[PDB]
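Q: Handing you this structure, nothing more for now.
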Number of protein chains: 4
Amino acid sequence: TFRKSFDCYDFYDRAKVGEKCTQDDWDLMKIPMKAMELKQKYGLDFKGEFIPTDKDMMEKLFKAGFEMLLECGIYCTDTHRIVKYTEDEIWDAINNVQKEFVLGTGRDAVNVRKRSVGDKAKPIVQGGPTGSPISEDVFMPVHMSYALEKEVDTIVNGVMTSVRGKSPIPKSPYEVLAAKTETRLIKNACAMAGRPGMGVXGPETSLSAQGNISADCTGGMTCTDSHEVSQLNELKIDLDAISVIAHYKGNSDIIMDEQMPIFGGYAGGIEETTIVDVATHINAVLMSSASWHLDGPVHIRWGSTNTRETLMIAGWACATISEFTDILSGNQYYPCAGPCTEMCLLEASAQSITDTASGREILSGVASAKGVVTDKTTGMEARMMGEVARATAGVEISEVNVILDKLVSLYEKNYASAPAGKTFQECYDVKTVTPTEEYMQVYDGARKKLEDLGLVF
Amino acid sequence: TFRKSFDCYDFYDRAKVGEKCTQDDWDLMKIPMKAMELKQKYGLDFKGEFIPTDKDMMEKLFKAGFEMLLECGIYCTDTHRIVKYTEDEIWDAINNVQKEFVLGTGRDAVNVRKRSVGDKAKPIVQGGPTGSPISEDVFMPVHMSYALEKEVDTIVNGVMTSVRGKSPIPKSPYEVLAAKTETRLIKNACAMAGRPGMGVXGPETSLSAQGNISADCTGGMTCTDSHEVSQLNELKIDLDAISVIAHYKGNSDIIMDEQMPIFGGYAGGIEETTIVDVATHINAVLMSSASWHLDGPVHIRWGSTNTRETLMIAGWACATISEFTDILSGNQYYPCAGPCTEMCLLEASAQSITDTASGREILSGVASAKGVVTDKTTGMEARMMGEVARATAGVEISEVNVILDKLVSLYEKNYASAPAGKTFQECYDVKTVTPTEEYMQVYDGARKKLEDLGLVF
Amino acid sequence: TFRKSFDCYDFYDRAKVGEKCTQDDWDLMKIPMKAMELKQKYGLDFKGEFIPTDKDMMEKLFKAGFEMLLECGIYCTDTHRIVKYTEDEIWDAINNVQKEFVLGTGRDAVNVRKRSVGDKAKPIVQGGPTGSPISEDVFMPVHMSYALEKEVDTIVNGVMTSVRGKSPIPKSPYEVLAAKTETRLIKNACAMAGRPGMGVXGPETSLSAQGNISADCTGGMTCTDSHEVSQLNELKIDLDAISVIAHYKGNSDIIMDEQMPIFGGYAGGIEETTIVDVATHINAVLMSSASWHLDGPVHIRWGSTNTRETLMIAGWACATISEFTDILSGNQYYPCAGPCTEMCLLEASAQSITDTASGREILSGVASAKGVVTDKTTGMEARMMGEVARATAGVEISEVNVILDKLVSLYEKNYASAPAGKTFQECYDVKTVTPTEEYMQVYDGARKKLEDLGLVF
Amino acid sequence: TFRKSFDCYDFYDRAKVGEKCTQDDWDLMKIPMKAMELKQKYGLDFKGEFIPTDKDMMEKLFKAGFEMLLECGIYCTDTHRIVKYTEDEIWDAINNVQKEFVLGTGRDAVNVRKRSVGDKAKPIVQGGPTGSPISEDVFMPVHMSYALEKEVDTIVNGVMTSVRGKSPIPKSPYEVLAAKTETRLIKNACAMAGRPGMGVXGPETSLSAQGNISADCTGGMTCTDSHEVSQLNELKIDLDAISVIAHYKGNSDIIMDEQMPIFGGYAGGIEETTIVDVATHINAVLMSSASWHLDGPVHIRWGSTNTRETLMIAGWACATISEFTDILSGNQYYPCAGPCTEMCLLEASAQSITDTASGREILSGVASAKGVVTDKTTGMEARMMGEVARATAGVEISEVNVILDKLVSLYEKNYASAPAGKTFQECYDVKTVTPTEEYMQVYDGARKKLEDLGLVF
């Protein structure tokens, strides 16, 4: 049996005396070799499906992911050493995951419970800038655009480009100020939308351990909000994250561990990246004591989470995790196109269909324009994400796979020419925080195309 | 109909003017006569089963238990009088029991909901010294050994052998100090294990009404913890308990009423003691306004809760209570053997199998070495209790009865020679609060034997 | 030096092994002998003064009181043993008393700070039934009559004659219910008077340790209220009080220790009883860890606190305690006459003059009709107590002594024929909680007599 | 006038673009040159006095300290640049300092208000290990030894040598665990001593910014506790401190800025080091937004705060700060000798006399054995610190200077041979947390010598 249930403290201990290894040995050899080995040994073949319907193949994928984590371990970037788990330690973690939890408070609180593949229940809609840069002068209005949408259940924080007119440079007092201020302003925005108790997910503006740790404060982040800790790529972590985890645990905070496996990255192709994805979903409840895990497979070239390959990775990973474990999870949205464009809405829709049908409990979006363009995220994208989730819930998986193939085909040949879209200030009337007629028309056009494909709103 | 829903105040009123009766008339005549009468009148025969599969027999057991309570009433030790209920008052209590509740707070909170016989859902694991005496200098470390186990959901408090180097003598200021300190230290231990919000069950160190009433305090016991009130043997109570109940109710505290029927005691044998057990489960929601009831059938000679007879009593009582009522319940663990011994683990395992399959919502253990030897309780026993519960959940009852017969046979001939075991300090590295390799090996050996019997972990 | 600062735990320890002694040996020998000895050794002679102006005599009184406590110790009624203090332990207590504190919360909170003899500052007016029996159906209205008076700062709780129509018998669940309910109802009354945050003093209805300990609860007593612990007569205590003290300390509650020395009692006459009074003021901060001490010298025959002798005892004790220590204190009011009578108002006035001029920080009244007649206490008596305190503040002590001699002479010959007065229901319009014109006229008459004596309102 | 009131954010801004300078240029040239220049320009000469009685000389010292800060600025170790203030910015800070504040909560809270030189009021006694290393297994008992002393008002935290048996290595998860655990355990200790609401000062175990920032937590440090930020030597700071300050401000925490100028250090001698001391008291309310400032002049060779030179530095700095500003301050205790030795008590006594008479509002001690020997700190040293403060309060300054000269002469020739003393476990009965008779005898001996010098307890 195991000595003790594994935690961040054991990780630190092992990271100091583990097997020495260069990062190149890890990225260019250990990880790709094992993923390649497991794919062939288990004969993994997704056969073009977005959501699996072959339980035998799913079970092999689960075993592959488990074995990947067990045999490789986790690389610590600060110590350049590898942390290894034992089989019994991994099972202790999987066998004792958080079953459910509540986000938010008061009338605005919501229950997060497990969803199965093709579940009739709708997933939780976590809407917001999704970590995208937002100008200080419109920080509240932008977030209000999500709180004002009944489709949205919780908020995923945007990043403050400045606080008191200064950049929140990591390890500067401005980073601490931004960490506390970010959620204080967002909850104020939610209150103005008549939903003071909405839960949030962050902290996003802070990047250092000290910055993230300062986020819990009166009026700001509290235990009923999702606290983010980020895993690196692939099966890798830094010590800052380990200390942040200790802090979240010590405050009884709901913990959201996230990992964004890269298709075409160190692991390799579709099946290989999915093996890694399953492994990181498991690592979330082991290393990070996560309450839930946020996925986000991204295309090495396009940098989007809704390409045919990344949707397949997410669909298989979640369906498998949902089938063999009780791990609560979600997926994050990175469309190529910007706001107020049909492509952006269709891209997010394809992912919402995939995430909903595959069994995700939480949908966290939408970081339009790949989340790197200031102010290019609005509540309209989250509204579509939510409506599509409602439409997808309960639909037969065979039908979903057909719809996805047709939908993805509508935009997968335009990644290089994805429309830049508009900023919040351009497609919304900032003063009243309402979308322009132009955006409403674009929304209708996209919705119509989805209906023609078979979706019933 | 009834005049008003029955409560502790009505009990006091009736206890002052009820039928006068000596305790011997109650213990040596009224109770044994009625149990004997009801067993024969309803033709109760468990036929060697640990968990019943005959609903007709179960219904007769329920009727017998109901009639036992209705015809006998409850003996008040302080007034030497009998309190009688009416049929309508008993039904009002049974028809309005607490459906579910939450224990603990923050990320560490857990939901307690009803479980049926053979339920696929796992019961709540309440781990701790289980009222056993613990040395002051290791009070926190010992409890930490349970909080560090992911298998454990809530903590059941141990007893402080001293506070500030003095015995917590009943009705002395030290008892009050211990009552408040006990949970304050335990929650501090839980915080050190990264689970600040774990719920607890107590107060254990205090024995008087004034001591128990002082336990609710800042940093200590709160409404999200289970508050203990103890019934006496059999169908008996003291006025101190009645005042404690009034206090718990007045603070909106979750109330845990407990009763430990004695096999071979005043009621008689197996079926007779089970009739009493059903009667006390019902009395819990009537006299104590209980949120849930904790059982604990004990062998008059061995003083253990896992003998063949006591397991049968618990299994039948719970299966029956689960079938005909919505009363939430749990069972407490008293193995003969001490920590770091295979017998202790096997004894607790047999009870975990019985409790899980019979429908218990909460498992409260483990008071190793019969809970009377200082420091002889560790988190390892709770880990086994939890793993076995997971393995038992969902298993066919016919298979469970077969496994139990084989398992109990492995130790039921060694009660008189049960190994004393070791103290926490002997089988754990106190500084890091981790089990020794010796204990881990013992654990593996016991687990292996359970697997050979058919359990799948 | 001392081993450790003395507390209730040390008291318990010593009470179990102290010198064995019968209560008669204590009451009829040890106490009277020492008081007699110290009076003569220090040549104490108050020469008819109510408030001392001779600092030399005051210093001797302080030394006498200190020596009384040091040489006699405290008799424990439950163990029939004597607890002895060392000189260094007593000084450690006196040298570290609470300097000030806040009662109540929000806008209604008040600061309690030290007052000197003849201080210009007005003492805190704690008004209420002062432990007198109040009918359940008018419990809130009666207390509202005090909260509605701007003269009143905090409330001193009355006793519920019944709760849910039943007597709060000690050690019954009704006592617990009354302990919590008492303050919950009183604070509700204060809220109806537009002062939700008024602090209170109790618990009064409960008599047992378990009853008093149950009083701290949501909506009821909290740390910003004065928590009562009662010393016995004379230099005596029971173990119940010791456990209650441990509870108050463990909850960070403001503690009010009280003692009511009896003139003509076991100690003897005026100077003798004052020596005991000084000794019990000191014992309050030693044995009870008191935040403040409530006095209440009472006449062995008349049972009142405003006789010439009892006023002199209180005046000298407080002036002396104020001069040589920083101990915060108050005095309680027990007039012979009942409500709506001129005598009652004049009796309370004489005590308010004495308490204010002698340096009391808190005035706790008024228990009209000696506090033993149901519903015979109203806010009008507290209004007079407050107005008189304002008028007395800052007045030259020589003038105060003259006024007191004249005032006490107006009623000291009518103790045996003191008017019974009226109940709240008779001298107030219960529906609007306002005094009758009859009472207002009586009040005016009494006020006029006080003005003729020299008081300026 | 100034652009805006100066804060940590402005500091960061200026530290990035300030004048480049090596640390040697700062320590070996800029600082010593300016201190030397100002000493001569203002003709500072303390003439052997511990506490000044020459207001003209004090005013020149204040001007010197102000000019030192204005002309030199503050060196930032991370950017190797100098931050400069304007005269108007410094005055804005001095003219708007915190007037008073409350530490702790409930009955145990205490008010911190300004004290003048020779003030009759006693300073606040902050007792504890004073940052000294304490073994994990006695962490609570050791702190309880201070809470049990009525002389102690608040607690100054010790350092955990281990948490869960592991060293709290900076930037490891163990540091975060220790930061939260430290105060949680200490407040638990205070609760066991019957003072749950005692305020504390920390966090001490954590050294990194992330570690210190994690200290605010439920059950741990809160806004009513003093939050420590440390200045470097001399007129120097690191960016970690700047971020910690932003965090404390963002949580509305009471901030305690500390600086320990070194006699014989970079500034030079007595007057030179005092000029720096005044400058850092001022910098506290400017750079750190301090609520109060903790001083601690230390001897470059002896490493103690109670040498003749360091006592003079503290006395003059505080008397001057008290005379010309409303800045609240305290001093920290580092005796050469260890616990249970007469020298340790006499050393701490000399500092308590100096601090009390010079006007300090808070006394923070005692870090016996120079605070570097595990477990060598006990509540007995804090008791002496408190008793001596009481004895010193109100004494004529001329008399104090005479007493100090005689007292310091009793040990200043034995620094090299200062007795090592004993650990808590050796001079206390750990189980009951009470001093041994041996320690009590040592205490009496030291007290007797102080009385012979003129102190009246």
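Every chain in the structure tokens has a letter given in the order shown (A, B, ...), and although residue numbers restart at 1 in each chain, ligands are simply numbered from 1 in the order shown.
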Select, as a PyMOL selection string, those residues of chain C with any atom no more than 12 Å from chain D (distances computed using only C-alpha atoms).
A: chain C and resi 1-10+88-105+222-227+245-256+285-286+288-292+326
Q: DSSP on the backbone: what in stretch 14-235 of chain C comes out alpha helix (DSSP H), as JSON, numbers by chain?
A: {"C": [14, 15, 16, 17, 23, 24, 25, 31, 32, 33, 34, 35, 36, 37, 38, 39, 40, 41, 55, 56, 57, 58, 59, 60, 61, 62, 63, 64, 65, 66, 67, 68, 69, 70, 71, 72, 87, 88, 89, 90, 91, 92, 93, 94, 139, 140, 141, 142, 143, 144, 145, 146, 147, 173, 174, 175, 176, 177, 178, 179, 180, 181, 182, 183, 184, 185, 186, 187, 188, 189, 190, 191, 192, 209, 210, 211, 212, 213]}
Q: Identify, on the basis of only C-alpha atoms, every residue whose closest approach to residue D:270 does not exceed 10 Å; exclude the query and any residue fewer than 4 positions from it along the same chain; express the result as an NGL selection string.
A: :D and (39 or 44-46 or 262-264 or 274-275 or 308-314 or 316)
Q: Quick one, how far is atom CA of residue A:378 from atom CA of residue A:362?
A: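 Between these atoms lies a distance of 18.6 Å.
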Q: Work out how far atom CA of residue A:345 is from atom CA of residue A:368, in Å to one decimal.
A: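 Distance between the two atoms: 9.2 Å.
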Q: Would you pick out the contacts of residue A:328 at 7 Å or less, using only C-alpha atoms, so that residues sharing its chain but fewer than 6 positions from it are not included, and give the list as a CSV table (one decimal) with C-alpha atoms, in the first residue's frame?
A:
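Resulting contents of part_12.csv:
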```csv
chain,number,residue,atom,x,y,z
A,114,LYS,CA,-20.8,14.9,-12.5
A,292,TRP,CA,-11.8,19.8,-10.7
A,293,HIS,CA,-9.5,19.8,-13.8
A,361,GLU,CA,-19.1,19.5,-16.2
```
Q: Identify which of the residues B:420, B:144, B:169, B:389 lies closest to residue B:373, counting only C-alpha atoms when measuring atom-to-atom distances.
A: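 Checking each candidate against residue B:373, we get B:420 as the closest.
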Q: Within 9 Å of residue D:140, counting only C-alpha atoms, which residues qualify if same-chain residues fewer than 6 places away don't, as a list in words?
A: residues 185, 186, 187, 188, 189 and 190 of chain D
Q: Where in stretch 159-380 of chain A does DSSP assign strand (DSSP E), given as JSON, numbers by chain?
A: {"A": [159, 160, 200, 201, 202, 226, 227, 228, 229, 230, 236, 237, 254, 255, 256, 257, 258, 262, 263, 292, 293, 294, 295, 298, 299, 329, 330, 331, 332, 362, 363, 364, 365]}
Q: Okay, now the selection with C-alpha atoms, as a PDB file, in the first residue's frame?
A:
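After the write, again_20.pdb holds the following:
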```pdb
ATOM      1  CA  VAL A 159      -6.409  40.011 -17.267  1.00  0.00           C
ATOM      2  CA  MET A 160      -5.975  43.667 -16.262  1.00  0.00           C
ATOM      3  CA  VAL A 200     -15.429  33.396 -10.394  1.00  0.00           C
ATOM      4  CA  UNK A 201     -12.291  31.615 -11.583  1.00  0.00           C
ATOM      5  CA  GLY A 202      -8.830  33.103 -11.221  1.00  0.00           C
ATOM      6  CA  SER A 226     -12.290  28.252  -8.414  1.00  0.00           C
ATOM      7  CA  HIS A 227      -8.574  28.738  -7.679  1.00  0.00           C
ATOM      8  CA  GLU A 228      -6.303  28.165 -10.626  1.00  0.00           C
ATOM      9  CA  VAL A 229      -3.031  26.253 -10.660  1.00  0.00           C
ATOM     10  CA  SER A 230      -1.375  25.564 -14.019  1.00  0.00           C
ATOM     11  CA  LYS A 236       5.744  19.012 -15.994  1.00  0.00           C
ATOM     12  CA  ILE A 237       5.489  21.564 -13.182  1.00  0.00           C
ATOM     13  CA  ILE A 254     -11.962  25.003  -4.377  1.00  0.00           C
ATOM     14  CA  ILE A 255      -8.981  24.104  -6.570  1.00  0.00           C
ATOM     15  CA  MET A 256      -9.014  24.075 -10.363  1.00  0.00           C
ATOM     16  CA  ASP A 257      -5.928  22.423 -11.834  1.00  0.00           C
ATOM     17  CA  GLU A 258      -5.450  23.107 -15.540  1.00  0.00           C
ATOM     18  CA  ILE A 262      -0.392  20.565 -27.354  1.00  0.00           C
ATOM     19  CA  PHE A 263      -1.420  18.597 -30.434  1.00  0.00           C
ATOM     20  CA  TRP A 292     -11.773  19.803 -10.732  1.00  0.00           C
ATOM     21  CA  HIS A 293      -9.510  19.833 -13.782  1.00  0.00           C
ATOM     22  CA  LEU A 294      -9.626  22.228 -16.713  1.00  0.00           C
ATOM     23  CA  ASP A 295      -8.435  20.866 -20.066  1.00  0.00           C
ATOM     24  CA  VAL A 298      -4.374  23.320 -28.407  1.00  0.00           C
ATOM     25  CA  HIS A 299      -3.076  23.048 -31.983  1.00  0.00           C
ATOM     26  CA  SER A 329     -13.625  18.517 -15.384  1.00  0.00           C
ATOM     27  CA  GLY A 330     -14.047  21.347 -17.837  1.00  0.00           C
ATOM     28  CA  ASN A 331     -12.594  22.643 -21.093  1.00  0.00           C
ATOM     29  CA  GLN A 332     -11.351  26.107 -22.107  1.00  0.00           C
ATOM     30  CA  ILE A 362     -17.854  23.074 -16.921  1.00  0.00           C
ATOM     31  CA  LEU A 363     -17.366  25.103 -20.119  1.00  0.00           C
ATOM     32  CA  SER A 364     -14.918  27.993 -19.629  1.00  0.00           C
ATOM     33  CA  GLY A 365     -14.918  30.550 -22.454  1.00  0.00           C
TER      34      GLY A 365
END
```
Q: I need the residue nearest residue B:235 from this list: B:155, B:83, B:450, B:395. Use only C-alpha atoms for the distance.
A: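 Result for the nearest residue to residue B:235: B:83.
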Q: Could you name the residues that touch residue B:58 at 8 Å or less, counting only C-alpha atoms, but leaving out those on the same chain fewer than 4 positions away, as a list in words?
A: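 Skipping anything fewer than 4 positions along the chain leaves residues 52, 54, 62, 316, 319 and 320 of chain B.
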